[PDB]
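The structure appears right after this line, and notes come after that.
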Amino acid sequence: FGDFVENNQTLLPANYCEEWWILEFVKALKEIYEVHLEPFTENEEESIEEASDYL
Amino acid sequence: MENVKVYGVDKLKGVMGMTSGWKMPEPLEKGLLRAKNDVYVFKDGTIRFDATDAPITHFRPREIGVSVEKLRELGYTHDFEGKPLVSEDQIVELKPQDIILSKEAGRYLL
Amino acid sequence: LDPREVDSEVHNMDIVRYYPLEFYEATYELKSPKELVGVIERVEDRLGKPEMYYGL
Amino acid sequence: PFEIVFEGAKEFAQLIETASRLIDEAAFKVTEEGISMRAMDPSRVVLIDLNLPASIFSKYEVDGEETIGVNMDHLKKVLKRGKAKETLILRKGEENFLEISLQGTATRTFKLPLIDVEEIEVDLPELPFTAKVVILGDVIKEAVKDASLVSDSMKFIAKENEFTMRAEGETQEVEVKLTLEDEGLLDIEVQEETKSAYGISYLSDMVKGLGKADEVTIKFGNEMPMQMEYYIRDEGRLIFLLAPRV
Amino acid sequence: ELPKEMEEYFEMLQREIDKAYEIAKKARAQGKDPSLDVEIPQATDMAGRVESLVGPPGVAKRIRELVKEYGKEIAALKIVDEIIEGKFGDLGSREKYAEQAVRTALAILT
């Protein structure tokens, strides 16, 4: 992204990828079941167990 | 040759004319040793190696072929998440003035 | 090494683990990168403070 | 103040030329036992040992022992200047000059000032060899030429009653094999299966100049250095130790 | 300032540089070279580089304080003014002053 800032290039629409799907997944999980999780890190065991029980 | 005891050299190339304003020459012993060890000189007297440059911020101890004990001797002690450095598959962060040479560069610098 | 006086192009690099959802949602509007320069952390956002060498 | 005489200076010139195709600075040790030489090439890949007893020389008179360092180019040229039926006389007076005289129809004397070559002592004692083979130069020379025609590396495989040597390349291959019934093999003895590979440039350098009817003895093993020797006048011995690949 | 790892890193680098420099200084003293000392000084920040390359002598501390106070461009302009008024010494004609000021300013802004 810093290459677009340096050259001052208008942003192009982003092709769908896993790093977007995971954010949508965690946001929907929080909105529906009120569970707090986060990608690319390690989460608490209680939240993991609750989410697995729900899903 | 009597000075450095290097008698077995076949060729020894010089210059047609010095380009400086002093026209001070270089000792011939250095030229003999360079000819013996197969290295070449530059306009200011140094030996240089030219390569393309690429960036890196985090490395893995196995991609560069260095053991964890050697890394801990150099100064690296944690990986990029706070865990102690115990394996060769963890991701470590590169300090600003540490470089990873190629193998042609290492062969020439030998 | 002092990152404050090395260059000016390297001050635009990224130091984030993942891009936020706002970035992806704003790409669909064909925005300009100067609008969301504060959303995504860059090197220039860390100059002066001790952690220019510390965590990227 | 010694004095050394030889008959057939062409043989000595060829021997020095062969021994000087790998090393460039050499130091000869002169003793009552005889002239000896031991040096390593810059790559430290090939080891050269040269031994001239006092029996081969027609006239020999050495009172003491002292090393002499001579540059190989000048000595090689002066010795090559000799002929087939000449008498070679080497002398070394109290001065620091080496006198080389060729005695035929007329006397021609050359002088070569000595140089100070640093001496490092390095010897390789006997190794656990597993195979031995005695062949003629004519064949090994032709085979190494053929292998260099096709590849850059050469392989040696020995079994009972047979001796095989191979070379492999990107697009072409060559193999030579022979048995005791063939004139290319004089003797053979095997302890177990053998297989090794060596560079081809070094082999070309060491086996060059071999005669058509000289006996050459070769020993080697698995992934261990190769040794090849051949005698002169049945007393003097010349040894090459070639390091392997990988 | 810096945490207890970056400082140790830089200190070790300086230690190794000193270790090499001692041998280089010892060898060059024997007089087999164009000069009797090493010909590559070591800098640490922009002011040191500017002082070593273009001068004038003593400009390092002034550049340091001016950069601390105002910035980069403003500090360059104040350095130009101080050179013109003649804080660092008498040079000669107006041409010498102009050349010195333009060189130092282009070195600072770069």
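Labeling convention for the structure tokens: chains A, B, ... as they appear, residues from 1 per chain, ligands from 1 in order of appearance.
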
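Proximity to residue 25 of chain C at 12 Å, evaluated using only C-alpha atoms and with sequence-adjacent residues fewer than 2 positions away removed, yields residues 11, 12, 13, 14, 15, 16, 20, 23 and 24 of chain A; 19, 20, 21, 22, 23, 27, 28, 29, 30, 31 and 36 of chain C.
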
Closest contacts (chain B/chain E, max 10 Å, only C-alpha atoms) as CSV:
```
residue,atom,partner,partner_atom,distance
B:24,CA,E:34,CA,7.9
B:25,CA,E:34,CA,9.0
B:26,CA,E:33,CA,8.2
B:27,CA,E:33,CA,8.1
B:74,CA,E:9,CA,9.4
B:75,CA,E:9,CA,7.6
B:76,CA,E:5,CA,9.6
B:95,CA,E:9,CA,8.3
B:96,CA,E:6,CA,9.6
B:97,CA,E:13,CA,9.1
```

What would the file look like if the residues just selected were written as an mmCIF file, in the first residue's frame with N, CA, C and O atoms?
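Result file is part_26.cif:
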```
data_model
loop_
_atom_site.group_PDB
_atom_site.id
_atom_site.type_symbol
_atom_site.label_atom_id
_atom_site.label_comp_id
_atom_site.auth_asym_id
_atom_site.auth_seq_id
_atom_site.Cartn_x
_atom_site.Cartn_y
_atom_site.Cartn_z
ATOM 1 N N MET B 24 51.210 9.089 -8.366
ATOM 2 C CA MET B 24 51.853 8.218 -7.391
ATOM 3 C C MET B 24 51.491 6.767 -7.683
ATOM 4 O O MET B 24 50.305 6.444 -7.791
ATOM 5 N N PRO B 25 52.466 5.877 -7.815
ATOM 6 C CA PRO B 25 52.168 4.474 -8.099
ATOM 7 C C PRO B 25 51.953 3.664 -6.823
ATOM 8 O O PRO B 25 52.231 4.111 -5.708
ATOM 9 N N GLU B 26 51.447 2.465 -7.013
ATOM 10 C CA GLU B 26 51.142 1.470 -6.000
ATOM 11 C C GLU B 26 52.304 0.494 -5.849
ATOM 12 O O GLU B 26 53.019 0.223 -6.819
ATOM 13 N N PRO B 27 52.551 -0.036 -4.649
ATOM 14 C CA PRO B 27 53.597 -1.054 -4.504
ATOM 15 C C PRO B 27 53.293 -2.286 -5.345
ATOM 16 O O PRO B 27 52.139 -2.690 -5.496
ATOM 17 N N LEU B 74 25.332 -14.171 18.193
ATOM 18 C CA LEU B 74 25.335 -12.875 17.519
ATOM 19 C C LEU B 74 24.535 -11.833 18.287
ATOM 20 O O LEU B 74 24.882 -10.648 18.261
ATOM 21 N N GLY B 75 23.462 -12.239 18.962
ATOM 22 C CA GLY B 75 22.697 -11.306 19.765
ATOM 23 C C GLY B 75 21.193 -11.483 19.701
ATOM 24 O O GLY B 75 20.460 -10.817 20.436
ATOM 25 N N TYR B 76 20.719 -12.368 18.829
ATOM 26 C CA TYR B 76 19.289 -12.610 18.700
ATOM 27 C C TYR B 76 18.826 -13.586 19.773
ATOM 28 O O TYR B 76 19.425 -14.650 19.955
ATOM 29 N N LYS B 95 17.908 -6.885 12.430
ATOM 30 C CA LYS B 95 18.406 -5.607 12.904
ATOM 31 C C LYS B 95 18.845 -4.743 11.722
ATOM 32 O O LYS B 95 19.195 -5.264 10.661
ATOM 33 N N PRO B 96 18.837 -3.416 11.882
ATOM 34 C CA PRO B 96 18.948 -2.534 10.706
ATOM 35 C C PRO B 96 20.210 -2.713 9.874
ATOM 36 O O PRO B 96 20.165 -2.475 8.660
ATOM 37 N N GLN B 97 21.328 -3.115 10.468
ATOM 38 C CA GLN B 97 22.608 -3.149 9.768
ATOM 39 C C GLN B 97 23.162 -4.565 9.662
ATOM 40 O O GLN B 97 24.372 -4.781 9.725
#
```

Show me, as a ChimeraX atom specification, every residue of chain B with an atom at most 12 Å from chain C, counting only C-alpha atoms.
/B:55-58,79-82,92-98

Mind listing the alpha helix (DSSP H) residues of chain A, per DSSP on the backbone, as an NGL selection string?
:A and (2-7 or 18-33 or 45-54)

With only C-alpha atoms as the counted atoms, please give the residues lying no more than 8 Å from residue 204 of chain D, apart from itself and same-chain residues fewer than 3 positions off, as a ChimeraX atom specification.
/D:141,144-145,200-201,207-208

At a cut-off of 8 Å, using only C-alpha atoms, what residues contact segment 54-57 of chain E? Leave out same-chain residues fewer than 3 positions from it and give the result as an MDAnalysis selection string.
chainID E and resid 50:51 60 88 100 103:104 107

Could the residues of chain E that have an atom at most 8 Å from chain C be listed as a Markdown table, each with its closest atom pair and the distance in Å to one decimal, counting only C-alpha atoms and ordered by chain and ascending residue number?
```
| residue | atom | partner | partner_atom | distance |
| --- | --- | --- | --- | --- |
| E:1 | CA | C:50 | CA | 6.2 |
| E:2 | CA | C:50 | CA | 5.4 |
| E:3 | CA | C:50 | CA | 7.6 |
| E:6 | CA | C:53 | CA | 7.4 |
| E:45 | CA | C:2 | CA | 7.7 |
| E:46 | CA | C:5 | CA | 7.6 |
```

Selected residues written out with N, CA and C atoms, as a PDB file, in the first residue's frame:
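again_37.pdb written:
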```pdb
ATOM      1  N   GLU E   1      16.020   6.831  26.297  1.00  0.00           N
ATOM      2  CA  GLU E   1      16.064   6.838  24.840  1.00  0.00           C
ATOM      3  C   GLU E   1      15.793   5.443  24.284  1.00  0.00           C
ATOM      4  N   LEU E   2      16.779   4.879  23.592  1.00  0.00           N
ATOM      5  CA  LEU E   2      16.613   3.561  22.998  1.00  0.00           C
ATOM      6  C   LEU E   2      16.547   2.493  24.089  1.00  0.00           C
ATOM      7  N   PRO E   3      15.815   1.399  23.848  1.00  0.00           N
ATOM      8  CA  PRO E   3      15.760   0.314  24.837  1.00  0.00           C
ATOM      9  C   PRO E   3      17.092  -0.401  24.997  1.00  0.00           C
ATOM     10  N   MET E   6      18.736  -2.227  21.324  1.00  0.00           N
ATOM     11  CA  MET E   6      19.302  -1.438  20.237  1.00  0.00           C
ATOM     12  C   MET E   6      20.630  -0.814  20.646  1.00  0.00           C
ATOM     13  N   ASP E  45      26.459  11.244  12.223  1.00  0.00           N
ATOM     14  CA  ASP E  45      25.205  11.868  11.825  1.00  0.00           C
ATOM     15  C   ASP E  45      25.483  12.789  10.643  1.00  0.00           C
ATOM     16  N   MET E  46      24.443  13.508  10.214  1.00  0.00           N
ATOM     17  CA  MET E  46      24.548  14.337   9.015  1.00  0.00           C
ATOM     18  C   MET E  46      25.572  15.451   9.186  1.00  0.00           C
TER      19      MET E  46
END
```

Could you please tell me, as a PyMOL selection string, which residues of chain B have an atom within 12 Å of chain D when using only C-alpha atoms?
chain B and resi 1-10+36-38

How would the residues just chosen look if you wrote them out with N, CA, C and O atoms as a compact mmCIF listing (two decimals), in the first residue's frame?
```txt
# COMPACT_ATOMS: atom_id res chain seq x y z
N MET B 1 59.49 -9.52 -5.91
CA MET B 1 59.40 -10.97 -5.72
C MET B 1 60.24 -11.42 -4.54
O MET B 1 59.80 -12.26 -3.74
N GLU B 2 61.45 -10.88 -4.41
CA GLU B 2 62.27 -11.20 -3.24
C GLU B 2 61.65 -10.66 -1.96
O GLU B 2 61.86 -11.22 -0.88
N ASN B 3 60.88 -9.57 -2.06
CA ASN B 3 60.27 -8.97 -0.88
C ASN B 3 59.16 -9.85 -0.32
O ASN B 3 59.12 -10.13 0.88
N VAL B 4 58.24 -10.31 -1.18
CA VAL B 4 57.09 -11.07 -0.69
C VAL B 4 57.24 -12.58 -0.85
O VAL B 4 56.34 -13.32 -0.42
N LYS B 5 58.34 -13.05 -1.43
CA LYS B 5 58.57 -14.48 -1.65
C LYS B 5 57.44 -15.12 -2.46
O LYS B 5 56.98 -16.22 -2.17
N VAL B 6 57.00 -14.41 -3.50
CA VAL B 6 55.99 -14.91 -4.43
C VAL B 6 56.64 -14.89 -5.81
O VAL B 6 56.65 -13.85 -6.48
N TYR B 7 57.17 -16.03 -6.24
CA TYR B 7 57.90 -16.13 -7.50
C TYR B 7 57.06 -16.70 -8.63
O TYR B 7 57.31 -16.39 -9.80
N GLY B 8 56.07 -17.53 -8.32
CA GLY B 8 55.30 -18.21 -9.34
C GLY B 8 54.05 -17.49 -9.80
O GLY B 8 52.94 -17.93 -9.49
N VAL B 9 54.20 -16.40 -10.54
CA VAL B 9 53.08 -15.66 -11.09
C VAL B 9 53.29 -15.52 -12.59
O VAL B 9 54.40 -15.18 -13.03
N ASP B 10 52.25 -15.79 -13.38
CA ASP B 10 52.38 -15.80 -14.83
C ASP B 10 52.14 -14.43 -15.46
O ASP B 10 52.93 -14.00 -16.30
N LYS B 36 48.30 -13.54 -7.34
CA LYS B 36 48.39 -14.88 -6.76
C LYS B 36 47.04 -15.37 -6.26
O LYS B 36 46.71 -16.55 -6.42
N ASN B 37 46.25 -14.48 -5.66
CA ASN B 37 44.96 -14.87 -5.08
C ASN B 37 43.78 -14.63 -6.00
O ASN B 37 42.64 -14.90 -5.61
N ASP B 38 44.01 -14.15 -7.22
CA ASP B 38 42.97 -13.96 -8.24
C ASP B 38 41.91 -12.96 -7.75
O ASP B 38 40.76 -13.31 -7.52
```

Pull out every residue of chain A that has at least one atom within 12 Å of chain C, counting only C-alpha atoms, and report them as a ChimeraX atom specification.
/A:1-27,38-41

Please provide as a list in words all residues within 6 Å of residue 214 of chain D, with the sequence filter that same-chain residues fewer than 3 positions apart are discarded (counting only C-alpha atoms).
residues 136, 137 and 211 of chain D

Hey, can you spit out that residue selection with N, CA and C atoms as a CSV table (one decimal), in the first residue's frame?
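File part03.csv, as written:
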```csv
chain,number,residue,atom,x,y,z
D,136,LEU,N,48.8,-49.8,-18.7
D,136,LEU,CA,49.7,-49.1,-19.5
D,136,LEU,C,49.3,-47.6,-19.7
D,137,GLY,N,50.2,-46.7,-20.0
D,137,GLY,CA,49.9,-45.3,-20.2
D,137,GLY,C,49.1,-45.1,-21.5
D,211,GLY,N,54.3,-42.6,-21.9
D,211,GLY,CA,54.7,-43.4,-23.0
D,211,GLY,C,53.8,-44.4,-23.5
```

As a list in words, please: the residues near residue 76 of chain E (cut-off 10 Å, only C-alpha atoms, same-chain neighbours under 6 positions excluded).
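Residues near the query, excluding close chain neighbours: residues 63, 66, 67, 70, 82, 101, 104, 105, 106, 107, 108 and 109 of chain E.
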
Selected residues written out, C-alpha atoms, as a short mmCIF file (atom, residue, chain, number, x, y, z; two decimals), in the first residue's frame:
```cif
data_model
loop_
_atom_site.label_atom_id
_atom_site.label_comp_id
_atom_site.auth_asym_id
_atom_site.auth_seq_id
_atom_site.Cartn_x
_atom_site.Cartn_y
_atom_site.Cartn_z
CA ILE E 63 24.06 22.35 12.27
CA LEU E 66 19.90 24.63 14.34
CA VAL E 67 18.29 21.33 13.31
CA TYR E 70 14.03 24.94 13.62
CA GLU E 82 25.92 32.62 9.37
CA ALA E 101 27.57 28.83 1.09
CA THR E 104 27.28 23.73 2.37
CA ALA E 105 23.57 24.41 1.79
CA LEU E 106 23.27 21.82 -0.97
CA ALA E 107 25.06 19.33 1.29
CA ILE E 108 22.73 20.05 4.22
CA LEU E 109 19.49 19.83 2.25
#
```

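Interatomic distance, atom CA of residue 59 of chain B to atom CA of residue 106 of chain B: 18.9 Å.
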
Atomic distance atom CA of residue 86 of chain B - atom CA of residue 103 of chain B, expressed in Å with one decimal
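Computed distance, atom CA of residue 86 of chain B to atom CA of residue 103 of chain B, equals 26.5 Å.
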
Residue 39 of chain E: which residues within 12 Å, counting only C-alpha atoms, same-chain residues fewer than 5 positions away excluded, as a list in words?
residues 44 of chain B; 21, 24, 25, 28, 33, 34 and 52 of chain E

Length of the atom CA of residue 205 of chain D to atom CA of residue 125 of chain D vector [Å]:
23.5 Å
